Amino acid sequence: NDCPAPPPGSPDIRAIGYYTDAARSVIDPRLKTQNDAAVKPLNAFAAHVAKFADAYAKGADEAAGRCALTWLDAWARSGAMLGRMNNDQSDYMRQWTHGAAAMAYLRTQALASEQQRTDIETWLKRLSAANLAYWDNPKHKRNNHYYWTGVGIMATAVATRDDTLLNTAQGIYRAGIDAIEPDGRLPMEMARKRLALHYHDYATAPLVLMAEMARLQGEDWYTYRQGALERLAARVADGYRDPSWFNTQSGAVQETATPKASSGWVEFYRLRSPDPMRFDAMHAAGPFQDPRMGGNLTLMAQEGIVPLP
């Protein structure tokens with residue numbers, strides 16, 4: 001059974017925030033467990049469509065690419081995540097899951113029937129509008145979550161050839177680049193104490209992915225305010241070698257951690273940096289897979305994000 005029937009895609013999301021402190025850096029295991037169960041269908045859907053996308057990308061397997069599209073079509077037709085959203089954890093999940101669905105569609109779209117195109121693209125544009133509208137409230141502070149919202153908007157923009165979505169995504173990307181301080185920090189992520197390095201990593205990942213998707217349109221977003229992203233990315237790689245700087249600047253000893261999943265933006269960025277060897281140690285921690293970024297980052301950095309039809 002190489003393409004199982006798609007799982008139910010509920011219009012509703014009810015996630016549960018799980019941090020115990022004001023800096024959102026210490027995890028409540030009971031709330032984390034509660035949230036894991038509540039968003040299991042969202043995480044599993046993303047994992048599956050990205051796995052199907054990765055299999056399509058190997059070639060000689062159009063059926064896997066077609067499986068991703070049937071799954072996306074099912075969630076499109078049930079209005080998944082377009083219904084009701086201790087914090088805005090449900091919105092964060094809609095942002096991340098939109099990103100995963102939109103990346104999967106971007107990678108497999110050549111195989112789509114016209115029926116799947118109408119279904120999926122209407123749904124991706126409604127998710128883009130809903131997720132963008134979340135950020136209309138100035139009380140929603142534009143940290144890495146805002147950059148992650150750009151992933152789904154950008155993938156939707158490229159796949160639907162929508163110039164206005166493309167401009168919306170470019171605004172989000174440039175806002176992230178413009179927030180990098182002269183020393184490379186992002187103050188909203190530096191406020192996360194023992195998770196400061198973690199969230200400089202997690203903020204870099206969607207900015208890099210958006211710049212890489214921009215190449216699919218023949219644009220080089222890496223030239224925008226050139227040098228700023230390099231400072232941020234270099235801080236992340238230096239931080240994994242030696243957290244001393246993040247310890248000093250954040251006021252807290254960093255949580256022991258190795259690069260994983262979304263840290264795979266380094267598979268793309270090491271091909272762009274003026275000092276690529278700085279990313280050797282992160283590269284050596286791979287390969288990297290993240291459904292929220294479209295699947296296997298190590299392979300996509302080598303083969304291109306979108307397989308050739």
Side-chain angles (χ1 to χ4, degrees), residues 6 45-57 59 61-62 64-76 80-81 94-129 131-132 147-170 172-173 205-219 221 262 264-265 267-268 288-309:
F45 179 85
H48 275 93
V49 298
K51 164 176 82 148
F52 299 151
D54 286 337
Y56 172 50
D61 194 355
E62 298 200 316
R66 291 185 191 271
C67 196
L69 291 158
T70 206
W71 277 47
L72 298 163
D73 188 83
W75 276 34
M81 316 190 282
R94 183 162 72 177
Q95 294 158 7
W96 287 319
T97 306
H98 178 215
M103 289 305 303
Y105 183 64
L106 175 60
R107 296 187 73 195
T108 62
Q109 78 172 140
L111 299 174
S113 78
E114 305 312 302
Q115 168 81 250
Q116 291 166 333
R117 286 180 206 277
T118 47
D119 292 342
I120 297 169
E121 294 187 11
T122 299
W123 174 63
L124 293 180
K125 296 199 179 186
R126 284 201 236 181
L127 289 164
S128 299
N131 280 334
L132 182 63
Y147 317 151
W148 273 101
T149 298
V151 174
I153 300 178
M154 179 63 174
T156 304
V158 171
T160 68
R161 299 172 158 212
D162 186 329
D163 280 358
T164 71
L165 285 184
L166 178 68
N167 284 343
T168 292
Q170 189 183 231
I172 295 177
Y173 169 83
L207 300 170
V208 169
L209 191 67
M210 281 194 281
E212 293 290 335
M213 278 183 282
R215 297 285 189 97
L216 308 174
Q217 303 288 258
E219 290 174 356
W221 290 8
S262 60
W265 54 267
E267 306 292 65
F268 295 104
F288 296 99
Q289 307 196 8
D290 186 356
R292 294 173 176 180
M293 302 170 67
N296 192 315
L297 295 157
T298 298
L299 297 174
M300 281 186 288
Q302 303 169 356
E303 302 173 350
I305 285 160
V306 186
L308 188 73

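Start at 1 with the first residue, then count along the sequence. What's counted below: heavy atoms across the whole structure, side chains too, no hydrogens, waters or symmetry copies.
- For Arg117 (side chain) and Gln109 (main-chain N/O), a donor-acceptor pair under 3.5 Å exists by modelled atom type.
- Across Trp148 and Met293, no two heavy atoms sit closer than the pair CH2-CG, 3.6 Å.
- No donor-acceptor distance shorter than 3.5 angstrom exists from the side chain of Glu267 to the backbone of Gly264, with no hydrogens or angles considered.
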Verdict with supporting geometry, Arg126 and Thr122, side chain to side chain contact (heavy atoms under 4.5 Å, CB included): CA-CA 6 Å; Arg126 284 201 236 181; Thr122 299; 3.8 Å; yes

Stepwise side chain to side chain contact (heavy atoms under 4.5 Å, CB included) test for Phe288 and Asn296: CA-CA 6 Å; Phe288 296 99; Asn296 192 315; over 6 Å; no

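- A search for salt bridge (charged side-chain N to carboxylate O under 4.0 Å, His left out) contacts involving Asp73 returns nothing, not counting sequence neighbours.
- Using modelled atom types, one finds a donor on one side chain and an acceptor on the other under 3.5 Å when comparing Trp221 with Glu219.
- Using modelled atom types, one side-chain atom of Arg107 and one backbone atom of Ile305 make a donor-acceptor pair closer than 3.5 Å.
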Side chain to side chain contact (heavy atoms under 4.5 Å, CB included) between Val49 and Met103, intermediate numbers included: CA-CA 9 Å; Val49 298; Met103 289 305 303; over 6 Å; no

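- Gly295 and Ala50 make their closest contact through CA-CB, 4.0 Å (heavy atoms, listed as atom of the first residue, atom of the second, distance).
- In this structure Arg215 satisfies the side-chain hydrogen bond (donor to acceptor under 3.5 Å, both in side chains) test together with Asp220, sequence neighbours excluded.
- Between the side chain of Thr118 and the main chain of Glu114, a donor-acceptor pair closer than 3.5 Å is present.
- Counting all heavy atoms, side chain and backbone alike, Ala100 lies closest to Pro291 at CB-O, 3.4 Å.
- With sequence neighbours left out, the side-chain hydrogen bond (donor to acceptor under 3.5 Å, both in side chains) criterion links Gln217 to no other residue.
- The closest donor-acceptor contact from the side chain of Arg94 to the backbone of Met81 lies under 3.5 Å.
- Each of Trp75, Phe52, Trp96 was evaluated against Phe45; a single residue qualifies, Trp75, per the ring-ring contact (aromatic ring centres under 6.0 Å, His included) test.
- Considering every non-hydrogen atom in both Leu297 and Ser262, the closest pair reads CD1-CA, 4.4 Å.
- For the residue pair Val208 and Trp265, the shortest heavy atom distance occurs at CG1-O, 3.6 Å.
- Rounding to the nearest 0.5 Å gives a distance of 11.5 Å between CD1 of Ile172 and CG of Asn167.
- The ring pair (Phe, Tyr, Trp, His ring centres under 6.0 Å) check on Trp123 picks up nothing, with sequence neighbours excluded.
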Which donor-acceptor pairs under 3.5 Å do the side chains of residues 149-161 make with protein atoms, sequence neighbours left out?
{"residue": "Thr149", "atom": "OG1", "partner": "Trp135", "partner atom": "NE1", "Å": "3.0"}
{"residue": "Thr149", "atom": "OG1", "partner": "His145", "partner atom": "O", "Å": "3.0"}
{"residue": "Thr156", "atom": "OG1", "partner": "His98", "partner atom": "NE2", "Å": "3.2"}
{"residue": "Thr156", "atom": "OG1", "partner": "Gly152", "partner atom": "O", "Å": "2.7"}
{"residue": "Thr160", "atom": "OG1", "partner": "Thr156", "partner atom": "O", "Å": "2.7"}

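- In this structure, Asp119 and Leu72 have side chains that are not in contact, with every pair of non-hydrogen atoms separated by 4.5 Å or more.
- Side-chain polar atoms of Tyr105 and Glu121 form a donor-acceptor pair below 3.5 angstrom.
- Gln289 meets the side-chain hydrogen bond (donor to acceptor under 3.5 Å, both in side chains) test with no other residue; sequence neighbours excluded.
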From CA spacing to verdict: side chain to side chain contact (heavy atoms under 4.5 Å, CB included), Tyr56, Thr108: CA-CA 7 Å; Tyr56 172 50; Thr108 62; 3.9 Å; yes

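- Counting only heavy atoms from C-beta outward, the side chains of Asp162 and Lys125 approach each other to under 4.5 Å.
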